[PDB]
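Visitor: Generate a structure from the sequence data that follows.
(2 chains, ligands or ions: 8)
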Number of protein chains: 2
Amino acid sequence: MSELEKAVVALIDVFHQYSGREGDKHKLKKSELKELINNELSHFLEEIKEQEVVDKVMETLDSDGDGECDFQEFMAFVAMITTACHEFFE
Amino acid sequence: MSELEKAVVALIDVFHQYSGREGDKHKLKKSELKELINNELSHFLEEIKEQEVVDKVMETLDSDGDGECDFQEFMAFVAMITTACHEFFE
Ligand SMILES: N=C(N)c1ccc(OCCCCCOc2ccc(C(=N)N)cc2)cc1
Ligand SMILES: N=C(N)c1ccc(OCCCCCOc2ccc(C(=N)N)cc2)cc1
Ligand SMILES: N=C(N)c1ccc(OCCCCCOc2ccc(C(=N)N)cc2)cc1
Ligand SMILES: N=C(N)c1ccc(OCCCCCOc2ccc(C(=N)N)cc2)cc1
Ligand SMILES: [Ca+2]
Ligand SMILES: [Ca+2]
Ligand SMILES: [Ca+2]
Ligand SMILES: [Ca+2]
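Guide: Numbering: from 1, shown residues only, chains lettered A, B, ... in the order given. Ligands and ions are numbered 1, 2, ... in the order given. You can find the structure just below:
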């Protein structure tokens, strides 16, 4: 597999390392999303320590109002992160 | 860096391995997009041999009508691919 192809599976891998931990196995609730960010995006994103900060990140990502981040909402999150990296973090 | 963090840079790396080859250094024209697909997505996508097929893929990706695929349009492409992989390719 190519680097692109490996990167694609890595995106799917990380979603499920976190999504299956609690409740709905196919969505990241706030507590799972916090965990993912703090453990998998520690170099790209400031550590989330306040519940308020998890809420605001989840409000941004949650396009269907169920209070959770599903896979396509996660893909939009990845697009935000990648775009920011691409821009050398503003 | 985490696997997620490495995957993010890999997405940026591959865009530029192909985007800088011809013309506008920050966009993939059809010929660059064909090259990327055939060389970097050979396990996920059928090889493109016909110009018609490049055109139709580019028509799908090109949201601002400039006939080229920029970075955010590339990110949507990646979202399509990842979603398809996630779905075990329908
Ligand atoms: N030895 C290690 N484990 C290690 C140390 C640093 C590292 O770094 C990778 C480069 C990331 C570049 C970080 O760039 C920014 C700038 C601003 C913001 C912001 N506040 N929005 C966020 C990120 C990777 C691994
Ligand atoms: N194999 C490679 N090419 C490559 C591999 C690792 C790397 O490590 C970057 C550490 C993260 C810091 C921010 O990463 C970027 C990278 C590229 C762009 C860009 N060209 N837009 C913008 C931001 C950089 C390039
Ligand atoms: N030894 C090698 N170099 C190698 C061989 C196979 C491989 O495979 C990875 C798994 C990809 C699974 C492929 O699954 C589909 C199913 C349907 C379509 C479709 N027609 N849309 C596209 C892809 C990777 C490396
Ligand atoms: N470290 C890992 N976990 C892992 C690493 C590599 C891998 O190789 C898959 C080859 C590509 C074939 C299609 O890949 C997928 C993978 C996961 C899902 C899913 N769970 N939705 C859907 C499709 C699978 C899992
Ligand atoms: Ca869950
Ligand atoms: Ca949602
Ligand atoms: Ca170009
Ligand atoms: Ca365009």
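Visitor: Wait, residue A:5 touches residue B:41, no?
Guide: Yes: the pair residue A:5 / residue B:41 is scored as a contact, 6.6 Å apart, by CB atoms under 8 Å. For every residue, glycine as well, the C-beta is placed using N, CA and C.
Visitor: by contact count, what packs against the host helix or strand of residue A:14?
Guide: Using DSSP states H and E, residue A:14 sits within helix A:3-19. For helix A:3-19, the packing partners by 3 or more CB pairs under 8 Å, 6 or more residues apart in numbering or on different chains; DSSP states H and E come out as helix A:30-40, helix A:71-86, helix B:3-19, helix B:30-40, helix B:71-86.
Visitor: Just the angle for the fourth one relative to helix A:3-19, thanks.
Guide: Angle, helix B:30-40 to helix A:3-19, by axes from the mean of the first three to the mean of the last three CA atoms, to 10 degrees: 70 degrees.
Visitor: Helix B:30-40 vs ligand 2: in contact?
Guide: No: Helix B:30-40 is not in contact with ligand 2 by CB under 6 Å from any ligand atom; minimum separation 13.4 Å.
Visitor: how about that helix: buried residues?
Guide: B:30, B:32, B:33, B:34, B:35, B:36, B:37, B:40 (16 or more other CB atoms under 10 Å in any protein chain shown).
Visitor: How much space separates the fifth one from ligand 7?
Guide: Distance of residue B:35 to ligand 7, given as CB to the ion, to the nearest Å: 10 Å.
Visitor: Please report how far whichever residue of chain A sits closest to ligand 7 lies from residue B:16.
Guide: The minimum distance from chain A to ligand 7, using CB to the ion, falls at residue A:86 (15.4 Å). Separation of residue A:86 from residue B:16 (CB to CB, to the nearest Å): 9 Å.
Visitor: So for these two, which sits in the more crowded spot?
Guide: residue A:86 (19 against 14; other CB atoms under 10 Å in any protein chain shown).
Visitor: May I have the residues that are in contact with the nearest residue in space to that one that is not next to it in sequence?
Guide: Spatial nearest neighbour of residue A:86, excluding adjacent residues (CB to CB, 6 or more residues apart in numbering or on different chains): residue B:12 at 5.2 Å. Each residue near residue B:12 by CB atoms under 8 Å, 6 or more residues apart in numbering or on different chains is listed here: A:82, A:85, A:86.
Visitor: In a markdown table: those residues, plus distance to residue B:70.
Guide: Formatted as a markdown table, those follow (distance: CB to CB, whole Å):
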| residue | distance to residue B:70 |
| --- | --- |
| A:82 | 13 |
| A:85 | 16 |
| A:86 | 11 |
